[PDB]
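As structure tokens, one chain now follows by itself in the form solved without the partner chain.
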């Protein structure tokens, strides 16, 4: 049975952190139990006060990252409080059958349901809400996150060597379609339902008004930067459930990258910029060699700097003059 196996509970943590877990494991399959509560709310998504009638898993954008090993069974309890207004569900791209779980988790406000599925394929996978007749709206409103399924003996390079990371960070990139008035000012709506008709008009143009990391412009900049040390190896998980993106680290590289996100395939190395297909999650490894501030962004630079898709990584350590050196500071010709 797929049931009899040990059952364990995981306590989910908010982006950009990832809950504690082991990379390689000497241990057999288990049933990992997770709980997620849906939360509809109006959020401030920029520095000028623009608002979004948003829909979330666990109150954040993106939803939390769930991590298990290849072979485990995922047991998710999805709860939809009576304070919400819309029906919701989940679609795990890492699962097999019934529209990824969506058919078995239709949950109206005040209901809950429990689904179990075998995670028999390795990689980072997107999960998202997908209620019949309104999938694009719930996804674009914030309902997505990642499931990471690690190979039981950890991540490997192309020749089979072991690859380790010291920390993992999870970034969700969201293309947002906030309507504008005649003024040229973004609209504010009193209820979620009221935002609907205008939002679908903007969606159909295919031109986002804002593209943000983790829920807002500047979520991961300045004081909210990601942090690391030179010599530390970081796993950067990047998901985009609806639209393509092309991540890049200014002053760094993707040492080892799975741009399609599936760990059974060999990774590519030394990438300047990688590509995550809308509807998927990818992963990149990097080891910091120089201290200082780094920017992590979508390298359509108008999308990064005008629309919002950019973040910071602040790195501690000692400068290395052999890698890079200013021989002549700026001066008069």
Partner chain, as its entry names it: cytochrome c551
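Positions refer to the first chain, counted from 1.
Below: the form solved in complex with the partner chain, not depicted.
- Contact between residue 226 and the partner chain in the deposited bound form is not found at the 4.5 Å heavy atom cutoff.
- Proximity of residue 133 to the partner chain in the deposited bound form falls within the 4.5 Å heavy atom cutoff.
- Although the partner is absent here, residue 154 is not a contact residue: none of its heavy atoms lies within 4.5 angstroms of the partner chain in the deposited bound form.
- For residue 197, a non-hydrogen atom is located within 4.5 Å of the partner chain in the deposited bound form, even though that partner is not displayed.
- Along 71-89, these residues reach a heavy atom to within 4.5 Å of the partner chain in the deposited bound form: 85, 86, 87.
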